[PDB]
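For reference, the chains in residue letters:
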Amino acid sequence: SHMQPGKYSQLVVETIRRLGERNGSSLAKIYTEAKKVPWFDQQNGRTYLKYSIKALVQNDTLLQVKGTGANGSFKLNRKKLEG
């Protein structure tokens, strides 16, 4: 691995894919699914998800959801990340 876009961001994409979440999944819900891997940092990993998600919303890979389920809810858009 000489070039990865953050294994935490790749984990977020696939985490929301595991749940589906048509309405959007809270950062707390995504965190609970993301901490189930042994390589995941249980300490500062919540900040790593917070920043990975936010960067993916900036790349139009995730859609920022607010109000319906939680304050910071998030879901998949498309493979628009690289396209």
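Its PDB header names solution NMR as the technique used to obtain the model.

Student: What should I look at first to understand unusual backbone geometry in this one?
Tutor: Excluding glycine, residues mostly have negative phi values, and the peptide bonds linking residues are mostly trans. Residue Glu21 is not a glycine yet carries a positive backbone phi of 50 degrees. Relative to the helices and strands, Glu21 resides in the loop between α1 (7-19) and β1 (25-26). Within the chain, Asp60 stands out as a residue other than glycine whose phi angle is a positive 60 degrees.

Student: How should I be thinking about the environment of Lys54 in this particular structure?
Tutor: Looking at the element boundaries, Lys54 is found in helix α3 (residues 45-58). Placed 52 residues apart in sequence, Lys54 and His2 show a C-alpha to C-alpha distance of 24 Å.

Student: Sorry, what's going on with the sheet that holds strand β2 (residues 62-65) here?
Tutor: Across the sheet, 3 strands lie side by side as β1-β3-β2; this open sheet has antiparallel pairing. If you trace the sheet from one side to the other, it starts and ends with β1 and β2, each paired once. Here β1 runs beside strand β3 (residues 73-76); their pairing, made up of 2 bridges, is antiparallel. Paired with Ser25 across the two strands is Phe74, which belongs to β3. Across the sheet, α3 touches β2 and β3, and the angle it forms with β2 is around 105 degrees.

The rules behind the values
Residues numbered from 1 in each chain as written, not as in the entry; some residues may be left out. Heavy atoms only, no water. Helix = DSSP H or I, 4+ residues; strand = E, 2+ residues; numbered from the N terminus. Pairing = 2+ DSSP bridges. Contact = heavy atoms within 4.5 Å. Axes fitted to C-alpha atoms, helices over the stretch in contact; angles between N-to-C directions.

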